[PDB]
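A short write-up of the structure that comes next.
What follows draws every value from the coordinates through simple rules; no lab data is involved. When we count neighbours, we look across all protein chains shown, and the Cβ atoms used for this are built from the backbone with ideal geometry, even at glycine.
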């Protein structure tokens, strides 16, 4: 089966270099072009260039001439993207995608017909920190909302569950927001019956693997 | 560089609908146009190549047509797995260029937000910071507006917001906004309020609290 499997996510500091690999299986790498596509968060797709898989020659789109290098590792059936001198603006997902070589009269699609799953690169000078978890206490004034504010952590992601996963209905866990500190914050809320507030215990379970931080925070009406 | 334009960035539709997505090019591309689908999970596949040829394994409900500078992708009987973002892409010349993408969402009846405000916790305040949270829950359509007021002064620049993706069960959106103050600033004022407007609300909804009550 035709597959392009890319390397996993990377967290880098400005000025560093990253190498993204794209392993071809189920087809002969050397028979197709290989393209690189960038998607910044917010989701525009931008073609960065391609590498001639037969000769090894790379061709860069103009906005990507300088700090980008396409390479082949044929004995590993792998194509690679290296970004040097990373900037915060390089924070994006990078896709590799193959395209059948064009020749007059061909029957193949001249399209990027199989894509890798994408490699997310995050560039930041922030240092790793576990979150503080604060209650969003249900109002004392039907349906009530409560939640947890998971503040000041790096890097993404955190996982939030309620009552160890026994509470899923009415839960909304919001996208993280990047603060000017360089640290992330997110909120998780759930709506419950107002009548349940005096009798049901509500606990948000927060896990931040990069910092080995786990927190079980009970959220209760404030006295 | 040939510019590709998808005039409609967001399109609401119902399951079963016929849905059309337009794409315009800044010059004649002689039908050298491909269509890609990106799922919410981020994975990409080609749907159509050379304006109207279905790629292998793409179901027959997808089709495309056009010429010159005007092109379109059509889904004849929309299904749940088709809720995604569709991009066009020219290959008439280098650099290959993409349109801005058209993200599908499910249509439903208008739903007004339920609004909730949350004071900062005593634990956070001890640390020197106060986060005030306003929740706009389960509304439709996605467009909503809110204003933070502190002792009736409109606050602009000291809050951040985020919005969920469309809910899989009720097709609504939720929004969370966080107002951040220093402890000393938080204690200088009394009334903290979030005021919300939405096409589902016949008049604005204000939720507020008095610090320390």
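Ordered by the count of other Cβ atoms within 10 Å of each Cβ, fewest first, A:215, B:133 give A:215, B:133. Going from the fewest other Cβ atoms within 10 Å to the most, the residues A:57, A:16, B:213 appear in the order B:213, A:57, A:16.
You can think of it this way: the chain between residue B:56 and residue B:210 has 49.2 nm of extra reach, that is 0.36 nm per residue less the Cα-Cα gap. In the protein assembly as shown the Cα-Cα distances spread across 10 Å bins starting at 0 as 4, 18, 25, 23, 18, 9, 3, 0 percent of all pairs. With all pairs of different alpha carbon atoms counted, what Kirkwood hydrodynamic radius in Å does the range B:114-210 show? Kirkwood hydrodynamic radius for the range B:114-210: 14.1 Å. Build a GNM of chain B with springs between Cα atoms under 10 Å apart, and of B:160, B:38, B:147 the one that fluctuates most is B:160. The label point for residue B:107 and the one for residue B:191, both projected 7 Å from the Cα toward the Cβ, are 4.2 nm apart. Determine, from the Cβ-Cβ distance of residue A:156 and residue A:1 and an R0 of 35 Å, the FRET efficiency 1/(1 + (r/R0)^6), rounded to the nearest 0.05. Using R0 = 35 Å, I get an efficiency of 0.65.
Rounded to the nearest 500, the 222 nm mean residue ellipticity of the protein assembly as shown from helices alone is -500 deg cm²/dmol, with -39,500 (n - 2.57) taken per DSSP H run of at least 4 residues. With both labels modelled 7 Å from their Cα along Cα-to-Cβ, the residue B:74 to residue A:220 distance reads 6.3 nm. Across all Cα atoms of the range B:4-129, the radius of gyration (one decimal) and Dmax (whole number) stand at 20.0, 66 Å. Given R0 = 51 Å, the distance between the Cβ atoms of residue A:125 and residue B:202 translates into a calculated FRET efficiency of 0.60.
The simple Förster model, with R0 at 45 Å and r as the Cβ-Cβ distance, assigns residue A:143 and residue A:102 a FRET efficiency of 0.15. What the Kirkwood sum gives for chain B is a hydrodynamic radius of 20.1 Å, with every pair of different alpha carbons counted. As a rough footprinting exposure proxy, the listed residues A:115, A:162 were ranked by other beta carbons within 10 Å of their own, and the order from fewest upward is A:115, A:162. Alpha-carbon geometry of the range A:3-123: the Rg and the Dmax are 14.0, 48 Å, given in that order. Along its principal axes, the range A:171-223 has C-alpha extents of 40, 22, 21 angstrom, given from the largest down. The value for the range B:84-169 of Rg(Cα) / (2.2 N^0.38 Å) is 1.67.
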